[PDB]
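In what follows, a structure is listed as structure tokens, so that the remarks can point back to it.
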There are 2 protein chains.
Amino acid sequence: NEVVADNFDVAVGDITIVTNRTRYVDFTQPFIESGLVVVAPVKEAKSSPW
Amino acid sequence: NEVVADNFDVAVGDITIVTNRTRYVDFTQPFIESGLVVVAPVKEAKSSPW
Ligand SMILES: *[C@@H]1O[C@H](CO)[C@@H](O[C@@H]2O[C@H](CO)[C@@H](O)[C@H](O)[C@H]2NC(C)=O)[C@H](O)[C@H]1NC(C)=O
Ligand SMILES: *[C@@H]1O[C@H](CO)[C@@H](O[C@@H]2O[C@H](CO)[C@@H](O)[C@H](O)[C@H]2NC(C)=O)[C@H](O)[C@H]1NC(C)=O
């Protein structure tokens, strides 16, 4: 939202292509690929005596 | 592609917002929600004395 309001002519970094982000600025092609994954602690597979 | 090359001023239909399509044209707000699902045959688990 600063790039739209002319404060920074280009934001370089971890900026991730979302749909309303592509409306207001105009990205390049992606230079790395990312997706949301879920990390969670590893645990046992067995339940109760039930 | 026939809106970028200005043969049509507006494509009204079932056009789905993808992150190239938001890049080359402008969309409205999403008036209906959609997502890719996987349809498949149901489980027909039999039950008989056979
Ligand atoms: C998608 O991104 C746009 C761009 O920032 C968001 O629109 C802005 O929303 C803030 C809310 O405080 C306000 O400054 C304005 O309504 C918008 N800024 C503009 C037009 O410069 C929009 O809210 C985002 N969508 C969602 C669902 O969060
Ligand atoms: C991304 O979307 C665009 C639009 O369909 C495609 O990129 C180019 O778009 C121009 C329109 O001005 C066409 O003339 C080019 O032929 C398109 N490039 C190619 C290689 O066909 C592009 O097809 C889309 N990206 C992907 C991966 O399909």
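We label chains A, B, ... in the order they appear in the structure tokens, count residues from 1 in each chain, and number ligands from 1 in the order shown.
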
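Residues in contact with residue 30 in chain A at 12 Å, where only C-alpha atoms are counted and same-chain residues fewer than 2 positions away are skipped, are listed as residues 13, 14, 15, 16, 17, 26, 27, 28, 32, 33 and 34 of chain A; 19 and 20 of chain B.
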
Go ahead and write the residues just picked, N, CA and C atoms, as a compact mmCIF listing (two decimals), in the first residue's frame.
```txt
# COMPACT_ATOMS: atom_id res chain seq x y z
N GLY A 13 11.36 -7.70 -2.20
CA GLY A 13 11.54 -8.58 -1.07
C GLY A 13 10.68 -9.81 -1.12
N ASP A 14 9.99 -10.06 -0.02
CA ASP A 14 9.20 -11.27 0.15
C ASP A 14 7.77 -11.08 -0.28
N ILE A 15 7.52 -10.15 -1.20
CA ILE A 15 6.15 -9.78 -1.53
C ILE A 15 5.53 -10.89 -2.35
N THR A 16 4.35 -11.35 -1.93
CA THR A 16 3.73 -12.56 -2.43
C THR A 16 2.48 -12.21 -3.22
N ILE A 17 2.31 -12.84 -4.37
CA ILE A 17 1.26 -12.46 -5.31
C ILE A 17 -0.09 -12.93 -4.78
N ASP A 26 1.70 -3.85 -10.00
CA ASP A 26 1.89 -4.81 -11.08
C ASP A 26 3.21 -5.51 -10.90
N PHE A 27 3.15 -6.80 -10.63
CA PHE A 27 4.29 -7.60 -10.25
C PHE A 27 5.14 -7.94 -11.47
N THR A 28 6.25 -8.62 -11.21
CA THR A 28 7.04 -9.22 -12.27
C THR A 28 6.59 -10.65 -12.43
N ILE A 32 10.78 -17.03 -7.38
CA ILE A 32 10.83 -18.22 -6.55
C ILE A 32 9.38 -18.67 -6.37
N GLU A 33 9.19 -19.93 -6.01
CA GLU A 33 7.85 -20.48 -5.86
C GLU A 33 7.57 -20.76 -4.40
N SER A 34 6.39 -20.37 -3.95
CA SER A 34 6.00 -20.53 -2.56
C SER A 34 4.54 -20.92 -2.48
N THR B 19 -4.23 -15.21 -11.64
CA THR B 19 -3.25 -14.14 -11.46
C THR B 19 -2.46 -13.85 -12.74
N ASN B 20 -2.87 -14.37 -13.90
CA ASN B 20 -2.55 -13.62 -15.10
C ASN B 20 -3.71 -12.74 -15.52
```

Report chain A as a short mmCIF file (atom, residue, chain, number, x, y, z; two decimals) with N, CA and C atoms, in the first residue's frame in the frame of chain B, after least-squares superposition over all C-alpha atoms paired in order.
```cif
data_model
loop_
_atom_site.label_atom_id
_atom_site.label_comp_id
_atom_site.auth_asym_id
_atom_site.auth_seq_id
_atom_site.Cartn_x
_atom_site.Cartn_y
_atom_site.Cartn_z
N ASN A 1 -8.41 -13.68 -23.40
CA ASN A 1 -7.35 -13.30 -24.32
C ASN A 1 -7.83 -12.34 -25.41
N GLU A 2 -9.14 -12.15 -25.58
CA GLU A 2 -9.60 -11.09 -26.46
C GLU A 2 -9.56 -9.74 -25.79
N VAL A 3 -9.78 -9.69 -24.47
CA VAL A 3 -9.78 -8.43 -23.74
C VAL A 3 -8.39 -7.83 -23.73
N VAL A 4 -7.36 -8.67 -23.68
CA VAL A 4 -5.99 -8.18 -23.77
C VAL A 4 -5.71 -7.65 -25.17
N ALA A 5 -6.24 -8.31 -26.20
CA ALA A 5 -6.04 -7.89 -27.57
C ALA A 5 -7.10 -6.90 -28.05
N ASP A 6 -7.71 -6.15 -27.13
CA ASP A 6 -8.48 -4.93 -27.37
C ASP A 6 -9.77 -5.17 -28.16
N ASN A 7 -10.16 -6.42 -28.40
CA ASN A 7 -11.38 -6.64 -29.17
C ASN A 7 -12.63 -6.36 -28.35
N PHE A 8 -12.62 -6.69 -27.06
CA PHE A 8 -13.74 -6.39 -26.19
C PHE A 8 -13.22 -5.60 -25.01
N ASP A 9 -13.81 -4.43 -24.77
CA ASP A 9 -13.32 -3.60 -23.68
C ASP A 9 -13.69 -4.13 -22.31
N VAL A 10 -14.72 -4.96 -22.21
CA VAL A 10 -15.02 -5.64 -20.96
C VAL A 10 -15.73 -6.96 -21.22
N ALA A 11 -15.20 -8.05 -20.69
CA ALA A 11 -15.86 -9.34 -20.77
C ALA A 11 -16.72 -9.50 -19.53
N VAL A 12 -18.03 -9.62 -19.73
CA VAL A 12 -19.00 -9.80 -18.66
C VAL A 12 -19.52 -11.22 -18.75
N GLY A 13 -19.46 -11.94 -17.64
CA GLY A 13 -20.10 -13.22 -17.60
C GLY A 13 -19.59 -14.12 -16.51
N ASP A 14 -19.25 -15.34 -16.89
CA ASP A 14 -18.85 -16.37 -15.96
C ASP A 14 -17.36 -16.40 -15.75
N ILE A 15 -16.68 -15.28 -15.95
CA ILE A 15 -15.23 -15.27 -15.96
C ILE A 15 -14.73 -15.43 -14.54
N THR A 16 -13.83 -16.38 -14.33
CA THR A 16 -13.44 -16.84 -13.01
C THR A 16 -11.99 -16.45 -12.75
N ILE A 17 -11.72 -15.94 -11.55
CA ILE A 17 -10.43 -15.35 -11.23
C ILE A 17 -9.39 -16.46 -11.06
N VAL A 18 -8.46 -16.56 -12.00
CA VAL A 18 -7.32 -17.45 -11.90
C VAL A 18 -6.10 -16.54 -11.80
N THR A 19 -4.94 -17.11 -11.51
CA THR A 19 -3.76 -16.28 -11.29
C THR A 19 -3.21 -15.69 -12.59
N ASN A 20 -3.16 -16.46 -13.68
CA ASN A 20 -2.69 -15.84 -14.91
C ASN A 20 -3.79 -15.05 -15.60
N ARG A 21 -5.03 -15.16 -15.14
CA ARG A 21 -6.04 -14.25 -15.67
C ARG A 21 -5.95 -12.90 -15.00
N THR A 22 -5.49 -12.85 -13.75
CA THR A 22 -5.41 -11.56 -13.09
C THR A 22 -4.15 -10.82 -13.50
N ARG A 23 -3.22 -11.51 -14.17
CA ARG A 23 -2.03 -10.82 -14.66
C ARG A 23 -2.36 -9.94 -15.85
N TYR A 24 -3.17 -10.43 -16.78
CA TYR A 24 -3.26 -9.78 -18.07
C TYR A 24 -4.48 -8.88 -18.19
N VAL A 25 -5.56 -9.20 -17.47
CA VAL A 25 -6.65 -8.24 -17.34
C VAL A 25 -6.72 -7.86 -15.88
N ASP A 26 -7.64 -6.97 -15.52
CA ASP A 26 -7.80 -6.57 -14.13
C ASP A 26 -9.27 -6.65 -13.76
N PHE A 27 -9.59 -7.57 -12.86
CA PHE A 27 -10.95 -7.91 -12.52
C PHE A 27 -11.56 -6.86 -11.60
N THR A 28 -12.83 -7.06 -11.29
CA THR A 28 -13.48 -6.29 -10.24
C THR A 28 -13.38 -7.07 -8.95
N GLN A 29 -14.12 -6.66 -7.93
CA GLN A 29 -14.35 -7.54 -6.81
C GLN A 29 -15.33 -8.63 -7.24
N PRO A 30 -15.29 -9.80 -6.62
CA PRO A 30 -16.22 -10.86 -7.00
C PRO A 30 -17.64 -10.52 -6.60
N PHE A 31 -18.58 -10.82 -7.50
CA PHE A 31 -19.98 -10.60 -7.22
C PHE A 31 -20.73 -11.89 -6.94
N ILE A 32 -20.06 -13.03 -7.03
CA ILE A 32 -20.59 -14.30 -6.55
C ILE A 32 -19.38 -15.14 -6.19
N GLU A 33 -19.59 -16.16 -5.36
CA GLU A 33 -18.50 -17.01 -4.90
C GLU A 33 -18.64 -18.39 -5.50
N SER A 34 -17.53 -18.93 -5.99
CA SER A 34 -17.52 -20.22 -6.65
C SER A 34 -16.26 -20.97 -6.27
N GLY A 35 -16.35 -22.28 -6.28
CA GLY A 35 -15.18 -23.13 -6.11
C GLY A 35 -15.39 -24.41 -6.86
N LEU A 36 -14.29 -25.06 -7.23
CA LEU A 36 -14.39 -26.34 -7.90
C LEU A 36 -14.81 -27.41 -6.91
N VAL A 37 -15.94 -28.07 -7.17
CA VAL A 37 -16.34 -29.24 -6.41
C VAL A 37 -16.39 -30.43 -7.35
N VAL A 38 -16.49 -31.61 -6.77
CA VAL A 38 -16.53 -32.86 -7.52
C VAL A 38 -17.91 -33.47 -7.34
N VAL A 39 -18.62 -33.68 -8.43
CA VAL A 39 -19.90 -34.37 -8.37
C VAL A 39 -19.68 -35.80 -8.84
N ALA A 40 -20.40 -36.74 -8.24
CA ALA A 40 -20.21 -38.16 -8.50
C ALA A 40 -21.50 -38.88 -8.13
N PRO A 41 -21.80 -40.02 -8.75
CA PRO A 41 -23.04 -40.72 -8.42
C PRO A 41 -22.99 -41.34 -7.04
N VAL A 42 -24.13 -41.30 -6.35
CA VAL A 42 -24.23 -41.90 -5.03
C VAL A 42 -24.24 -43.41 -5.19
N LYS A 43 -23.64 -44.11 -4.23
CA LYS A 43 -23.42 -45.55 -4.36
C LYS A 43 -23.50 -46.18 -2.98
N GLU A 44 -23.44 -47.52 -2.96
CA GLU A 44 -23.51 -48.26 -1.71
C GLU A 44 -22.23 -48.07 -0.89
N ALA A 45 -22.30 -48.47 0.38
CA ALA A 45 -21.17 -48.36 1.29
C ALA A 45 -20.54 -49.71 1.62
N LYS A 46 -21.17 -50.82 1.23
CA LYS A 46 -20.68 -52.14 1.59
C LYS A 46 -19.86 -52.73 0.46
N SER A 47 -18.76 -53.38 0.83
CA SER A 47 -17.89 -54.06 -0.12
C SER A 47 -18.31 -55.53 -0.22
N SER A 48 -17.44 -56.35 -0.81
CA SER A 48 -17.64 -57.77 -1.08
C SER A 48 -17.71 -58.58 0.22
N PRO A 49 -18.03 -59.89 0.17
CA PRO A 49 -17.83 -60.75 1.35
C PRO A 49 -16.42 -60.82 1.92
N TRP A 50 -15.40 -60.34 1.20
CA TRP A 50 -14.09 -60.13 1.79
C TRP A 50 -14.08 -59.03 2.85
#
```

Which of chain B DSSP labels alpha helix (DSSP H), written as a ChimeraX atom specification: /B:21-24
